J.: 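Quick one: the structure is below, and I'll ask about it shortly.
First the proteins, then the strands, lettered A, B, ... as listed; each starts at 1.
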Amino acid sequence: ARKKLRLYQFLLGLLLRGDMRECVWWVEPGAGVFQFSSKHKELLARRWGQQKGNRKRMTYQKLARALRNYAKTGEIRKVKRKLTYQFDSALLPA
DNA sequence: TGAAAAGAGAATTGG
DNA sequence: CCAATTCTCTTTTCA
Ligand SMILES: *O[C@H]1C[C@H](n2cnc3c(N)ncnc32)O[C@@H]1CO
Ligand SMILES: *O[C@H]1C[C@H](n2cc(C)c(=O)[nH]c2=O)O[C@@H]1CO
């Protein structure tokens, strides 16, 4: 049984390594607050779908749909700012 | 002033 | 049965 990345792991990994900075970036790195690019977010979503191996092309609408489910478990919450989210502090350094 | 963004229930699916 | 994936409909927001 193989393992596949979780959405919050994929996103957090992109931010820490500095990948796809034109697609997603930190807004407040100390607070774990990050924002997606209005025009270039579809590039990131489709990259998420290729790595997962999904049947359909991944879109930001479907990626955002998955992000909202994290509200039950607290990994990521939506911030009251356009395309902006916040990792829980348990997933961040000191 | 419509695309964009936000939100959502629900059946589905790989593993 | 987890962790999304996919599809659908709705409304507010914004550029
Ligand atoms: O066709 C109507 C509505 C449209 N329009 C575009 N952007 C608008 C804003 N910000 N306020 C109001 N109406 C807006 O232009 C026409 C009215 O001038
Ligand atoms: O939660 C139930 C179903 C669940 N389950 C079902 C099936 C068909 C599967 O392949 N994996 C799996 O975890 O297990 C529980 C019953 O043992």
J.: Hey, is the main chain of A:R57 close enough, under 3.5 Å, to the side chain of A:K62 for a donor-acceptor pair?
T.: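 Yes, the answer is positive, given that a donor and an acceptor are paired below the 3.5 Å cut-off.
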J.: Please report the distance, rounded to the nearest Å, between CE in A:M58 and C1' in B:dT13.
T.: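 In whole Å, B:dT13 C1' lies 12 Å from A:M58 CE.
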J.: Of the options B:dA6, C:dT5, C:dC7, whose atoms approach the side-chain atoms of A:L83 most closely?
T.: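 In terms of side-chain proximity for A:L83, the closest of B:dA6, C:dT5, C:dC7 is B:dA6.
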J.: Give me the bend of the helix from B:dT1-C:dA15 to B:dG15-C:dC1, using the axes of the five pairs at each end, rounded to 10°.
T.: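 About 40° separates the two local helix axes.
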J.: Taking the side chain of A:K82 as heavy atoms from C-beta outward, which of C:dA15, C:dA4, B:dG15 is closest to it?
T.: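 When the side chain of A:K82 is considered, C:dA15 is the closest of C:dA15, C:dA4, B:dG15.
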J.: Nearest-Å distance, NZ (A:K56) to P (B:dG14)?
T.: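 The distance from NZ of A:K56 to P of B:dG14 comes to 12 Å, rounded to the nearest Å.
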J.: Could you tell me whether the side chain of A:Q50 and the main chain of A:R47 form a donor-acceptor pair under 3.5 Å?
T.: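 Answer holds: no.
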J.: What about A:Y85 and A:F10, same hydrophobic cluster or not, with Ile/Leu/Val/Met/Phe/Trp/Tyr joined at side-chain heavy-atom distances under 4.5 Å?
T.: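 Linked, A:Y85 and A:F10 end up in one cluster.
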J.: If you assign each of A:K52 and A:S38 to its closest nucleotide in DNA chain B, which residue comes earlier from the 5' end?
T.: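 Taking each residue's closest nucleotide, the earlier one in sequence belongs to A:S38.
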J.: What residues from residues 4-13 of chain A pass a heavy-atom cutoff of under 4.0 Å to DNA chain C?
T.: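 A:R6, A:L7 - these, ordered by number, are the residues of the stretch whose heavy atoms sit under 4.0 Å from the strand.
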J.: Establish, yes or no, whether a centroid distance under 6.0 Å links the rings of A:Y8 and A:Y70.
T.: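 Centroid distance A:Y8-A:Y70: below 6.0 Å, so yes.
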J.: One pair to check against side-chain contact (heavy atoms from CB on, under 4.5 Å): A:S37 and A:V24. What are the steps and the verdict?
T.: CA-CA 6 Å; A:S37 159; A:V24 74; over 6 Å; no
J.: Could you label the plane-to-plane angle of the A:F34 and A:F87 rings as parallel, tilted or perpendicular, counting under 30° as parallel and over 60° as perpendicular?
T.: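 Taking A:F87 first and then A:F34, their aromatic rings lie parallel (interplane angle under 30°).
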J.: May I have the distance from A:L63 (atom CG) to B:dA4 (atom P), rounded to whole angstrom?
T.: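 After rounding, the reported distance stands at 17 Å.
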J.: Which whole-number value in Å describes the distance from A:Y60 OH to B:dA5 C1'?
T.: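 Rounded to the whole Å, the gap is 8 Å.
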J.: If you only use heavy atoms from C-beta on, which nucleotide in C:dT6, B:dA6, C:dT5 is closest to the side chain of A:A66?
T.: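 For the A:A66 side chain, the nearest candidate turns out to be C:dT5.
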J.: Salt bridge (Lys or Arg N to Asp or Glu O under 4.0 Å) with A:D88: which residues, sequence neighbours excluded?
T.: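 None.
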J.: Rounded off to whole Å, could you give me the CZ-to-P distance for the A:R55 and B:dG15 pair?
T.: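 A:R55 atom CZ is separated from B:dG15 atom P by 8 Å.
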J.: Scan A:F36 against the nucleic acid and name what it touches under 4.0 Å (heavy atoms): base, sugar-phosphate only, or nothing.
T.: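 It contacts nothing in the nucleic acid.
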J.: For C:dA3, does either OP1 or OP2 sit under 4.0 Å from a side-chain N or O belonging to A:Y70?
T.: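 So the side-chain polar atoms of A:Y70 never come under 4.0 Å of the phosphate oxygens OP1 or OP2 of C:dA3.
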J.: Could you give the CZ-to-P distance, from A:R68 to C:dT8, as a whole number of Å?
T.: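 From A:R68 CZ to C:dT8 P: 16 Å.
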J.: Among B:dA5, C:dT6, C:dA4, which is the nearest nucleotide to the side chain of A:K41?
T.: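 Minimum distance to the A:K41 side chain belongs to B:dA5.
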J.: Is the count of non-hydrogen atoms from other residues, nucleotides or ligands lying under 6.0 Å from A:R17 atom CZ greater than 12?
T.: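 Yes, the 6.0 Å shell around CZ holds more than 12 heavy atoms from other groups.
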J.: Please assess A:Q51 against A:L5 for the test side-chain contact (heavy atoms from CB on, under 4.5 Å), listing each intermediate value before the final yes or no.
T.: CA-CA 8 Å; A:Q51 185 158 351; A:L5 286 192; 3.3 Å; yes
J.: Counting the atoms with a prime plus P, OP1 and OP2 as sugar-phosphate, which does A:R81 contact under 4.0 Å by heavy atoms, base, sugar-phosphate, or nothing?
T.: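 Sugar-phosphate: the residue A:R81, judged by heavy atoms under 4.0 Å, touches backbone atoms but no base.
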J.: Of all the choices, B:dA8, B:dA5, C:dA4, which nucleotide is nearest to the side chain of A:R65 once you look at every atom?
T.: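 Minimum distance to the A:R65 side chain belongs to B:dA8.
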J.: Using whole Å, what does the distance between atom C1' of nucleotide B:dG7 and atom CG of A:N69 come to?
T.: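 Distance check: A:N69 CG to B:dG7 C1' gives 12 Å.
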J.: Using whole Å, what does the distance between atom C1' of nucleotide C:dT12 and atom NZ of A:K80 come to?
T.: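 These atoms are roughly 15 Å apart.
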J.: Rounded to the nearest 0.5 Å, what separation is found between the CD atom of A:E22 and the NZ atom of A:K41?
T.: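 That separation rounds to 14.5 Å.
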J.: Of all the nucleotides listed (C:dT6, C:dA4, B:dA6), which has the minimum atom distance to the side chain of A:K78?
T.: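 Of the options given, the side chain of A:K78 lies nearest B:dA6.
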J.: Any side-chain N or O of A:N54 under 4.0 Å from OP1/OP2 of C:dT5?
T.: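 Answer yes for this pair, as a side-chain N or O of A:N54 is under 4.0 Å from OP1 or OP2.
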J.: So, does A:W48 get its side chain near the phosphate of C:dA4, meaning an N or O under 4.0 Å from OP1 or OP2?
T.: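 For C:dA4, neither OP1 nor OP2 has a side-chain N or O of A:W48 closer than 4.0 Å.
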